[PDB]
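Numbers and lists here come from the model and the stated rules, or from a named source; no laboratory instrument gave them. FYI the Cβ positions are ideal-geometry reconstructions off the backbone, even for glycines, and counts take in every protein chain you see.
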Amino acid sequence: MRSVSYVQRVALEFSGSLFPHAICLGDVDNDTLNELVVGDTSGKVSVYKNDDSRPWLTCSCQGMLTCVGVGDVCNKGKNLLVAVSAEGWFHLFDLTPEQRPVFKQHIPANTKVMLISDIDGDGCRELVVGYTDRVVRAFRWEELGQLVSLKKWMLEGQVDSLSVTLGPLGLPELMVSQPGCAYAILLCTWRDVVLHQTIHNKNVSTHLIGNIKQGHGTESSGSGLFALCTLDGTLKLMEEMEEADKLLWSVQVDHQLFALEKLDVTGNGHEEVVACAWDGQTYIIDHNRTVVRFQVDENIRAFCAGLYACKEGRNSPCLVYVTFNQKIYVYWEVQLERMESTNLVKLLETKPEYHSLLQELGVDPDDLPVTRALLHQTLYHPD
Amino acid sequence: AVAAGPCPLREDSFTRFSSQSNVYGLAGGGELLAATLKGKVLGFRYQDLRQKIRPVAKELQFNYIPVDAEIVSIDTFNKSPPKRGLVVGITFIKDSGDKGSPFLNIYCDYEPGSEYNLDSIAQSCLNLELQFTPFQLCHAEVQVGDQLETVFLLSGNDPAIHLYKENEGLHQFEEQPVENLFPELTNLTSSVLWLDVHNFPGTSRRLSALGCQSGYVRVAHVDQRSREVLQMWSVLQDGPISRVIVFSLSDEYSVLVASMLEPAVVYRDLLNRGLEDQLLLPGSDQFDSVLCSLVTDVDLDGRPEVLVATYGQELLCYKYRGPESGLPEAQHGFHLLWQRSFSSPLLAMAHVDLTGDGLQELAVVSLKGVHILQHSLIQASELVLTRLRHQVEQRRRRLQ
Amino acid sequence: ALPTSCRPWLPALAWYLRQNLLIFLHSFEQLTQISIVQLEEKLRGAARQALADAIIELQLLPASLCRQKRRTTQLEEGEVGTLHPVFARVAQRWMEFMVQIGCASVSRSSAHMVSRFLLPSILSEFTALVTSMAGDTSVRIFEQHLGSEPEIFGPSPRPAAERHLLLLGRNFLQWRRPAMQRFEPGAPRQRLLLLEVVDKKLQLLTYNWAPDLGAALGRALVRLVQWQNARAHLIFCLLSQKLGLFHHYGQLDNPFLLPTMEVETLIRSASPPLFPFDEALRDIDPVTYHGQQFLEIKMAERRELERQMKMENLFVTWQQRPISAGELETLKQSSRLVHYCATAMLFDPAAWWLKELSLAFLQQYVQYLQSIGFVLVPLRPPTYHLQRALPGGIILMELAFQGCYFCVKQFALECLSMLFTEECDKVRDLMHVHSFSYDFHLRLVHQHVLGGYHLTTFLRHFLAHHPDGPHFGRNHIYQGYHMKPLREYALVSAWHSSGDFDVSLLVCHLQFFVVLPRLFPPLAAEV
C-alpha cells in the first residue's frame, strides 16, 4: 500500500549468464554466518562473504551449472555445497577449515531445480531434483558413500520449483509447481502424484514457495503456509490445513513475476513473502496483505531474499538483485520498524496505562486538539 | 566528524516524480505543495483509516500555463489575520523564442467560502508580465497603519527586489516600489538567491538578512513604524548563499549562513556583537553542496538544532552544547549529533505535522521524489511515557 | 641638492644611477629630498629613482626572511621562524611608493577573483609558472597569524575572513652575491617577487625582472585569473542548476568568455589552454570536485546511447531479412535465458570418427530449424547461432557440444507483453531434440545394414535408454540364404516394404532385431 526507498547497498561485480534458480545464500564455512553462492553457466561458482566487492572464493566445475545449494545432504551434521549441471552431474564441496570438488556422480540429465531436505521423516536428509521434461527424481546418501536412487515421478505440466512443507498430518510433504496456478504433491520415497488447482492461460508459468514461519522459535519444526506466483501477475498465500487448502490472501499486480522468497524484515518471528518482477518492481507482503513496494529502476535477471552477513559479522535480512550490467545489489538495512503506516496518537492508544496516566491528569482523552496540544507541549516544551 | 548516536528517523512513504524539481519547488499549504519543472504540481497529504494512515499525492492543474512553459518558482502564504485567504504564486517562462518570456501568476479565489479551496484557486489566475527573470518568490508581513499586511517579494534578474502589493479597492496584485516599505532592500549588485525577514514578536523592529550569488550577506536591524535602519552589518563570503536563517540559540539573536563552498556557520550575538562571533559547524562540507537547510527542534528537548541537507545525499543534524552544561574550554559549541542517507540529491525540506499527531514530520524533496520521514515511533512513545510519569509524580509530590 | 643621510652610499648611488639613467637618456621623503627647460627635471628624476633603488637594495632587502647550522637555514629560508619586520609593512608600501616616482625597476598588476576559492588554485599555478620562467625563486606563503595585529607572519578556515598572504620568492641560492635580471651591479642588484593578497584583490610587485619577461609574467597572471574566473561556469550552470535554475545563470551571462567556450578544457586542469550545457544535470578545490562529477554524468549517457542504437539497428535489420563477435556477446548479455534441452550422443562408446557423425547430427538439426522459420547468423570475419526476429523481440538459439551431450539454449530479448512470451514458449515445444535423436540414431543404424561397431550391444543400449519411443519420431524398431554376415557374426538383410517405411532385419546369437521430425502395425507385421 506504501512504497519505500532503501538506500544502503553493496554492489558486487559478476559477469556471466545464469538461470533464475542458480543463486542461493547459506553457510558454507559452518560459522553461523551466511555467504552468497552464485552459479553461472561458464563453469564457475562464486561465494561472496562479508561486503567485499570481489568474490570470497571460486569453485571450478566441469560445465554449465544449472542449480546450486547448501545443506546437510551427507547426513554427517555438517553443511556442504551441492552443484548440479545440465548433463546430470553432481558435485560436492566441503568449504570448512582452483577448488576441485570432493565427490562426483552422474545422474539423469536435463536438471532444472534442486531441494535438500528430509522428505520422508526418517531423520536422514534426501535430495530431490526436477527436470525439464516433467520428471522428478529423489535420491539418498548411503555410506559405503554414494547416491542411491529412489521413487521417480512423471508429470504433465512443466515443473518450476520443489518445496517441502508440513502436511495435514504433521509430516513433511513434497510439492511441485504446475502451470495454470496448480501444483502436484508427490508421495513418499520409501495414485502416485496428486494434483490440485487453484482462471488464466493454461500455459502460464508458475512458481511456488513453502514452509513459511508463523512465530518465534518455531523454526525447528513448523510449516503450513505456502505461496504461489504466476507470470501474468497474480500472487496467492494458502494454508494446508486438513482437507484442502485455505486461501489466506490473493493479490493481482500488473508485472511479470518470476521469483518467490521469504524473509523477516520486521523481526517479529513471522516471515513475509517477497516477490520480484522482470522490471524490478519488488513486492513485500506480510501475512495480513500489507504490501510494501520497492522499485529498483533496473531490469532483473535473478532475485534472492534471505539472511546474509554483510557488516560487523552479524546476520541481517537482505534482498539480492542481479542486473543486466554485471552488478549484484545487496540491500541490507531492509529491516522495517513496522509494515503499515501509523502515528503516535494511534500507537500510544494501544498501550493501556496511557488512559490511567491521563485520567489521573484530569484530561479526558476525548478531544484530539487537546491531546495534540499536550503532546506538542510535552515533546517540544519540556520545561 | 563522528555521529554522537543513531538517527531516530524512519521513512514512511515515497512518491516518485516523472521529472525533477528545484529548491523553490517546495511550498506550504496541513498540506504540502511540490511543483515540477514541467508544469506538474502535486499536493501531498495523508488520510486516516481507522487505525492506520495512507499517503496521498494528487495532481493539480493550474490554468494559464501553456504546455511548453517551464515553471521556475512557486510560493504560498495566507492573508493577514484581519482578512482571509490563501494566495499561491507561480513564476514560469513561456518558451517563445530563444529567450523565453517570464511570467507571474497569482492565484487567489476572492469568492467567499472558497478562499482556501485549492481546486477553485487552480483557475483564478491573474497573469502578469515581468520584464525580468524571477528568482525566488518570498513573502513578508509588514505593519502599516495599525494592521498587518502580507506582501509578496520577488528577486529579479535585474539586481532588485520587486514588491507586489494587493490593492484593496480593486482586488488585484500590482507592483509597487520596494524602498517605501523595505529601505534596507535597495542598492544591490547581485541576485538575491535567498532572503529572510525575521520579525520580533511584540516589537516594531525586525531583522532582515539576505545572501546573493556573489556571497555577499547583509543583515539589517530595522524599525518599522519609523521606517529607519537602526543598524546594518555586512560580510562577503566565498560562494553563493544557499540559505540564511535568523534564530535564537536560547536579545541574544544569531544567524545561520549556509553557502555552497564553505561549512555552514553561525554568527552569534547579533544586536550586541554584530557579525564577529563566528561558530562554524564542524565537518559539514564533506558531502557536496549544502542545498537546503533548516533550524528546528529534532531531539524533543525544547532547544533547537541545525539540519543541513546536502547534494551528496546527506541529512546532517547538529546540536548545541551550550554553557548551560558548561565546559568552558569546549562550552557553547556545535557537534554532529547524527546523520542519515538518501538515494537522490536532496533539494528541499519542510518541518510540518503532516500526519496530525503533534509530532513534526520532515518532508524531504529530492531529485527522484518526495520522502516523508517520521520520528522513530517506538523511541518517541516511551519518551512521552517517561516524561508524563515524571510530571505526574512531581505534581503529586508538589501539589499536596 | 642631495640629503646627507647617504654619506657612505657614494659608490652605491653611483651604481643605481648608471642603471636608472639609461631609460630616457641614452649612451621617507626627507631621506630622499634642446628643451633645456625640462631637461633638468628629467635629470633630477633619474637621480631620485637611483637613490630610492639603492635604498631598497642596500637598506631594506638584504635581511633574512625569517644544531646551529640547522637554525641558520630555516631562518634563512623562511621555513621555520617568523617573517622579518621588513617584509611586513615597509617593503610593500615602499616598493609601491616606487611608482609615483618614475622608476623602471618595479611593476604592478591586479585581479578580481569573483570568489576566493581559487587562491590555493592560483598559488600552485603561479609557483609552476615562476619556476618555468625562472627556477631561482622559491614560493613561500607567509600568512598572517589570526588575531595578530602587525608583522606576525606564520609560514580557508573561519570563512568571511579577509585572508592576508605574502607569497614571496627569492634567489636563496644566490645569496652572498647581491639575462634574467634587467639590471646588474652598476651594489645589491638582487631581485625579489612579492605578491600581496588582500581578500579578493591580487597585487604583483615584480622587481628587477626582465622587462619583457616581467611584463609577460604579469600578463600571464592576468590571463590566469581570467581563466580561473572563466572557470566560474560551475557557478554559472552547475551550481546554479544544482538547485534547478537552468534559466537563471546561463552560459556567457573575459577572453575565455565567448559563445564558443570549450567546456571540457575548462572543467579540466586549471589553466588557460596554451549536449547543451544549460540542461546538462537536468533530471539525472571545489572546481575539480564539482565539475568532475558532471563529466562522469555526461559520459555515462554517451556510452548508454552508444549501446542503445546497437540494440535497435540489429532489430530493424533482422526484422525484414556477419555481425561482430562482440556484438554477439553484447546481444547475449542483454538477453535472458529462457529454456534449454540436452540429449545423449550414444554412438560414442565412452558414453555407454564419431566427430563426423556429430557434425552430421549438427547439420540435420540446423536444416530442421530453418524449416520452421529460423535464420542462420553468419559468424563475423575476425558452435552455430540462429535467430528469428519478431515484432515483439528477438529469439536466439545456440548449438554446441560438451562432453557427450547436445545442448540447445533459447534466449529472449523484449523490444501485448505476452505476444513475445507465447512466441518464445511455442518454439520450445518445437525443439523435439529427443525425437530427432531417436530418428537420427535409427537412420544411422541403417547405414551398415546397407553397408567394427558391436551393433548388437549398441542396439541393446539404445533399447534400454529409450524403451518407450518418442511420439514425434517416424522410424521404429522391434525386437524378439538371402542373409548377410557381420564381423561374433550377425545376419543382416534389407527388404523395402512400403505398407512407406524402409525396414531391415538383424539377427545374432537366436536374438533378432527389426529396424524400420513429424509435428507399429508394420513393425510387427514383418515376420
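A few points about this structure:
- All positions within the stretch C:175-221 that are over 28 Å from B:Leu236 (Cβ atoms) and assigned to a strand (DSSP E or B): C:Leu192, C:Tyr207
- Candidates A:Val363, A:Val334 - the one that is under 40 Å from the mean Cα position of the chain (by Cα), more than 26 Å from B:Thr296 (Cα to Cα) and of a type in the set (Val, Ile, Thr): A:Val334
- Count of residues meeting criterion [more than 7 Å from every other protein chain (Cβ to nearest Cβ) and not in a helix (DSSP H, G or I)] in the stretch B:370-392: 5
- Within the option set C:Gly186, C:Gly135, being more than 14 Å from chain B (Cβ to nearest Cβ) and within 30 Å of C:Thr288 (Cα to Cα) holds for one residue only, C:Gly135.
- Screening C:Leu213, C:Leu258, C:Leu193, C:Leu202 for residues that are farther than 30 Å from C:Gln49 by Cβ and either touching a helix residue (DSSP H, G or I) at 6+ places or on another chain (Cβ under 7 Å) or hydrophobic (A, V, I, L, M, F, W, C) (or both) leaves exactly one candidate, C:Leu258.
- Wholly within the stretch C:405-497, strands (runs of 3 or more DSSP E) carrying at least 1 residues that are in the same structural domain as C:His509 (by TED's automatic domain parsing) and surrounded by 13 or more Cβ atoms within 10 Å (Cβ to Cβ): C:477-479, C:490-495
- Check on B:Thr386, among the hydroxyl-bearing types (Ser, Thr, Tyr) and either surrounded by fewer than 14 Cβ atoms within 10 Å (Cβ to Cβ) or more than 25 Å from C:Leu243 (Cα to Cα) (or both): yes
- Candidates are the residues of the stretch B:101-125 that are assigned to a loop (DSSP other than H, G, I, E, B) and touching a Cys at 6+ places or on another chain (Cβ under 8 Å); the one that is farthest from B:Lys38 (Cα to Cα) is B:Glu115.
- Test: residue in the stretch B:229-250 that is buried (at least 21 other Cβ atoms within 10 Å of the Cβ), farther than 21 Å from B:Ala348 by Cα and away from every other protein chain (no Cβ under 11 Å): no
- Flag for A:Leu257 being touching a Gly at 6+ places or on another chain (Cβ under 7 Å) and surrounded by 20 or more Cβ atoms within 10 Å (Cβ to Cβ): yes
- Every residue from the stretch C:255-276 that is part of a loop (DSSP other than H, G, I, E, B) and of a type in the set (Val, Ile, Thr): C:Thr260, C:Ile267
- Positions within the stretch C:305-334 being more than 17 Å from C:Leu386 (Cα to Cα), out of contact with any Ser or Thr (no Cβ under 9 Å at 6 or more places or on another chain) and among the charged types (D, E, K, R), in sequence order: C:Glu306, C:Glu312
- Single unsatisfied condition, A:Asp279 versus (1) under 18 Å from A:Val7 (Cα atoms); (2) surrounded by fewer than 17 Cβ atoms within 10 Å (Cβ to Cβ): (1)
- Lone unmet requirement of (1) buried (at least 20 other Cβ atoms within 10 Å of the Cβ); (2) within 25 Å of B:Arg16 (Cα to Cα) for B:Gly312: (1)
- Residue in the stretch A:207-229 that is within 14 Å of chain C (Cβ to nearest Cβ), within 25 Å of A:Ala22 (Cβ to Cβ) and in contact with a strand residue (DSSP E or B) (Cβ under 8 Å, 6 or more places away or on another chain) present: no
- Candidate set from the stretch A:1-29 (those that are assigned to a loop (DSSP other than H, G, I, E, B) and under 20 Å from the mean Cα position of the chain (by Cα)); member that is farthest from the other protein chains (Cβ to nearest Cβ): A:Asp27
- Checking C:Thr317 against (1) over 30 Å from B:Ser366 (Cβ atoms); (2) assigned to a loop (DSSP other than H, G, I, E, B), the condition it does not meet: (2)
- Across the stretch B:251-262, the qualifying residues are those that are more than 15 Å from B:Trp194 (Cα to Cα) and outside any strand (DSSP E or B), and the one among them that is farthest from the other protein chains (Cβ to nearest Cβ) is B:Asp251.
Residue by residue, here is whether (1) crowded, with 21+ Cβ neighbours inside 10 Å; (2) within 14 Å of another protein chain (Cβ to nearest Cβ); (3) outside any loop (DSSP other than H, G, I, E, B) holds:
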residue	(1), (2), (3)
B:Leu181	no, no, no
B:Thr189	no, yes, no
B:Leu193	yes, yes, yes
B:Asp196	no, no, yes
B:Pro201	no, no, no
B:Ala209	yes, yes, yes
B:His221	no, no, yes
B:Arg225	no, no, no
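- Candidates C:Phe117, C:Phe172 - the one that is over 33 Å from the mean Cα position of the chain (by Cα) and part of a loop (DSSP other than H, G, I, E, B): C:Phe172
- Residue satisfying condition, being buried (at least 18 other Cβ atoms within 10 Å of the Cβ) and within 14 Å of chain B (Cβ to nearest Cβ), within set C:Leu83, C:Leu146, C:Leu118: C:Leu118
- Number of residues in the stretch B:347-359 that are of a type outside the set (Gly, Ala, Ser), more than 8 Å from chain A (Cβ to nearest Cβ) and surrounded by 21 or more Cβ atoms within 10 Å (Cβ to Cβ): the value is 3.
- Out of C:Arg108, C:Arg158, C:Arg93, sole residue that is surrounded by fewer than 16 Cβ atoms within 10 Å (Cβ to Cβ), at positive phi and either part of a helix (DSSP H, G or I) or outside the structural domain of C:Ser269 (by TED's automatic domain parsing) (or both): C:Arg158
- Listed by position, the strands (runs of 3 or more DSSP E) inside the stretch A:32-95 whose residues that are polar (S, T, N, Q) number at least 1 are A:44-48, A:57-59, A:65-71, A:80-85.
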